[PDB]
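Below you'll find the structure, written out as structure tokens, and then a few comments.
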There are 2 protein chains.
Amino acid sequence: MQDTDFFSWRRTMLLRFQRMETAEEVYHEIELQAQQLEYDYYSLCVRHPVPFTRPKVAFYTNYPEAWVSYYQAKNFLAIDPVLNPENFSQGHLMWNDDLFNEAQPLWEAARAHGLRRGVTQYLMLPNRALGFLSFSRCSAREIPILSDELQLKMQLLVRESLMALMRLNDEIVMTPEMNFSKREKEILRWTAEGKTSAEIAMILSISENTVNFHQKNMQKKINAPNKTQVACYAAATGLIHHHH
Amino acid sequence: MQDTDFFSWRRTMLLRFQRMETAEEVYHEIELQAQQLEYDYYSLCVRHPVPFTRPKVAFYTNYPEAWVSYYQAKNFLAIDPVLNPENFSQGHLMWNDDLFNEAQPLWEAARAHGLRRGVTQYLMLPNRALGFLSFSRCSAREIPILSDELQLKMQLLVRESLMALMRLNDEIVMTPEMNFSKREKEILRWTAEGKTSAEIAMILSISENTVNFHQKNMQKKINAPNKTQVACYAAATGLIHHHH
Ligand SMILES: CCCCCCCC(=O)OC[C@@H](O)CO
Ligand SMILES: CCCCCCCC(=O)OC[C@@H](O)CO
């Protein structure tokens, strides 16, 4: 089946995001597209895969500054439904009351700051980071628009905006950098396979001290105590394989 | 912008994939949808994140059996363009001749087995596995269809088919299982942060031998030599966090 005005909307937005230049342009276009769907505020959170124990959650938003501060103050992240992929279908999640039954103080606090309606689309990025694009309005008024239309528009928006920010190396999306050589990564592959410094020397046909140097060298770059952190981080973000 | 016959195609296919029951039903529906787009053969490959050194590549296809055997014989995977995410735009990749300049023997071998035209859509799964859905026909004939239509149809097909196979725990998509408890995973979080068995005991307020047991216990389950493999695998597949 085919029927094209959305197909043209798609084409136009792909080009527009590709021809951007600044992270400020990105934020601005989201702010625009949200208003095009009659949403007042937007929001773009990014759950990083690392650190494992205290996951970095970078974000930028045009929310009321008072709300951003309050949300952080009472740490609602720990209970926020819309930042929990389990609640999503097709990477889409509509805001309703029943969704916040376990996080009631967040639900009331958000209303007290003018966030009465909303919606969130999400996507996992090549660096295994979870990107969440949330729209919100202060009007409980009914804005009728086809559900299928909304999903696909946001499906594209959340993707191309974060893909842009990655091409621009923005701090919001960029995982901790680890500029490793091809040999360094080769050594780290086997390290994650559980191979010892001794065994890796045999495979690569090099001195056992040469392996230990590379290992300590990588640790130094990213400031890590042992090879376990280096390898786990490298595996957690897909450096051992896939994209860069 | 909105215009709905595709939106209805979307809705219909979402339900159909959700109400499935067997991995044979999935394969069959792809085979069907490929023929609906005038493609003779399909193919569904899945690059696993682990093992790191010899990445498992499971697949199932209705290709000529002779071709599947030949492709494996001369190991064309190592040079196959259509299974390399770097060549993709919007997770979509059209087959053309210039794409195979570095893999000429594959290009000729594939033609010798009746694969003259094709296309591939790809997607990364929650377990960090890369799923590749390829369609191919034996007719060099021109089948005119809107590019934008093809992309979005396949964008949905590759997703919902692999998401189905995961709900069914199929061997093609399922990463190596590691049924770990909440405490076991808690210990493994810190292990990947580079924390020693001694330090982890201090944080969790438990014996240092208790930590070592959990560690050896996890190793036993997945048959691993040391904690480094357990943690790296657990991080590589997103067990320490995100989905299950
Ligand atoms: C956490 C980013 C700054 C605070 C904005 C909250 C991010 C987000 O979109 O949350 C919306 C819902 O939680 C509403 O309850
Ligand atoms: C590798 C799965 C079995 C062999 C089929 C090849 C998988 C795939 O779709 O490859 C197509 C292109 O490489 C054509 O040159």
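Please note that chains go A, B, ... in the order of the structure tokens, that every chain numbers its residues from 1, and that ligands are numbered from 1 in the order shown.
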Please identify all residues of chain A having at least one atom at most 7 Å from any atom of chain B, considering only C-alpha atoms, and return them as a list in words. residues 1, 2, 3, 4, 5, 6, 7, 9, 52, 53, 148, 149, 189, 190, 192, 193, 194, 225, 226, 228, 229, 231, 232, 235 and 236 of chain A
Residues near residue 45 (chain B), cut-off 9 Å, only C-alpha atoms, skip fewer than 5 positions along chain, as a VMD selection string: chain B and resid 57 to 61 83 130 to 134 172
Skip residue 155 (chain A) itself and residues of its chain fewer than 4 positions away, then list as a list in words all residues within 8 Å of it, counting only C-alpha atoms. residues 91, 92, 121, 122, 151 and 159 of chain A
Prev. selection, N, CA, C and O atoms, output as a PDB file, in the first residue's frame:
ATOM      1  N   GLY A  91       8.174   1.133  20.291  1.00  0.00           N
ATOM      2  CA  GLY A  91       9.011   2.257  20.665  1.00  0.00           C
ATOM      3  C   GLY A  91       8.195   3.507  20.924  1.00  0.00           C
ATOM      4  O   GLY A  91       8.738   4.612  20.972  1.00  0.00           O
ATOM      5  N   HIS A  92       6.888   3.328  21.095  1.00  0.00           N
ATOM      6  CA  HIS A  92       5.968   4.434  21.336  1.00  0.00           C
ATOM      7  C   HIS A  92       5.251   4.254  22.672  1.00  0.00           C
ATOM      8  O   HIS A  92       4.897   3.135  23.048  1.00  0.00           O
ATOM      9  N   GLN A 121       8.589   8.824  22.469  1.00  0.00           N
ATOM     10  CA  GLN A 121       9.111   7.856  21.513  1.00  0.00           C
ATOM     11  C   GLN A 121      10.549   7.552  21.910  1.00  0.00           C
ATOM     12  O   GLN A 121      11.250   8.441  22.391  1.00  0.00           O
ATOM     13  N   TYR A 122      10.993   6.312  21.722  1.00  0.00           N
ATOM     14  CA  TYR A 122      12.344   5.941  22.133  1.00  0.00           C
ATOM     15  C   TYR A 122      13.042   5.051  21.109  1.00  0.00           C
ATOM     16  O   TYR A 122      12.408   4.464  20.231  1.00  0.00           O
ATOM     17  N   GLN A 151       2.938   8.402  15.600  1.00  0.00           N
ATOM     18  CA  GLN A 151       3.989   7.427  15.870  1.00  0.00           C
ATOM     19  C   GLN A 151       5.127   7.519  14.859  1.00  0.00           C
ATOM     20  O   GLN A 151       6.294   7.619  15.238  1.00  0.00           O
ATOM     21  N   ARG A 159      15.001   9.504  15.941  1.00  0.00           N
ATOM     22  CA  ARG A 159      16.141   8.877  15.293  1.00  0.00           C
ATOM     23  C   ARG A 159      17.075   9.932  14.709  1.00  0.00           C
ATOM     24  O   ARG A 159      18.211  10.084  15.156  1.00  0.00           O
TER      25      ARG A 159
END
Which neighbours of residue 113 (chain A) fall inside 9 Å, counting only C-alpha atoms, when residues of the same chain fewer than 5 positions from it are skipped, and could you give them as an NGL selection string? :A and (64 or 66-67 or 108 or 138)
C-alpha atoms of the current selection, written as a short mmCIF file (atom, residue, chain, number, x, y, z; two decimals), in the first residue's frame:
data_model
loop_
_atom_site.label_atom_id
_atom_site.label_comp_id
_atom_site.auth_asym_id
_atom_site.auth_seq_id
_atom_site.Cartn_x
_atom_site.Cartn_y
_atom_site.Cartn_z
CA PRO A 64 10.28 25.17 32.62
CA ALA A 66 11.78 25.25 37.69
CA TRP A 67 10.54 21.79 36.71
CA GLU A 108 1.23 15.29 40.66
CA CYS A 138 -0.12 22.21 29.28
#
DSSP on the backbone: what in region 37-221 of chain B comes out alpha helix (DSSP H), as number ranges by chain? B: 65-73, 104-112, 147-167, 182-192, 197-204, 208-221
Choose the residue, out of A:123, A:222, A:22, A:184, that has the smallest atom-to-atom separation from residue 154 (chain A); count only C-alpha atoms.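 Of A:123, A:222, A:22, A:184, the one nearest residue 154 (chain A), counting only C-alpha atoms, is A:123.
Minimum distance to ligand 1 across A:74, A:82, A:30, A:65 (counting only C-alpha atoms and all ligand atoms) occurs at A:82.
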Calculate how many Å separate CA of residue 213 (chain B) from CA of residue 212 (chain A), rounding to one decimal.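 Separation between CA of residue 213 (chain B) and CA of residue 212 (chain A): 27.9 Å.
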Would you list, as number ranges by chain, the residues of region 40-88 of chain A that end up in strand (DSSP E or B) under DSSP run on this structure's backbone? A: 41, 44-47, 57-60
